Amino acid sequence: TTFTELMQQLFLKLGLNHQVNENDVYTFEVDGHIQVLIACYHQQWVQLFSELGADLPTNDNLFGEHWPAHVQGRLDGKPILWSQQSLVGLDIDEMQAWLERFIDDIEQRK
């Protein structure tokens, strides 16, 4: 199905409150300090995004730890974490696991 269908089914299932902006980007907060953005690009890629605060900028950024990989980047000089995967074949179960996995990773870093 489309990104929104997936997104809806996702939040409507996990009973989590969400926030969609004008550009069609979903946001969900973990506890009270973790914000995760989820957008779809070019009708194929699902992007995850979350800020890290003032984490250890020294990250080798190799693939292997996660599938897909969690990449640490520099935005506004400020540390961020992102993950991407194609929509094709993406089921609600994989979506949930990927998120949990990304959420988990965020905490361990912050």
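Numbers for residues come from their place in the sequence shown, where the first is 1.
J.: If you average the CA temperature factors over each stretch, which comes out higher, 30 to 38 or 52 to 60?
T.: Higher mean C-alpha B-factor: 52 to 60.
J.: Mean Cα B factor from the PDB record: higher for 62 to 70, or higher for 76 to 84?
T.: According to the PDB entry, the answer is 76 to 84.
J.: Please rank the C-alpha B-factors of the chain's modelled residues and tell me whether residue 10 sits in the lowest, middle or highest third.
T.: Residue 10: CA B-factor falls in the middle third of its chain.
J.: Looking at the C-alpha B-factor of residue 97, is it in the lowest, middle or highest third of its chain?
T.: For residue 97, whose C-alpha B-factor we compare with every modelled residue in the chain, the answer is the lowest third.
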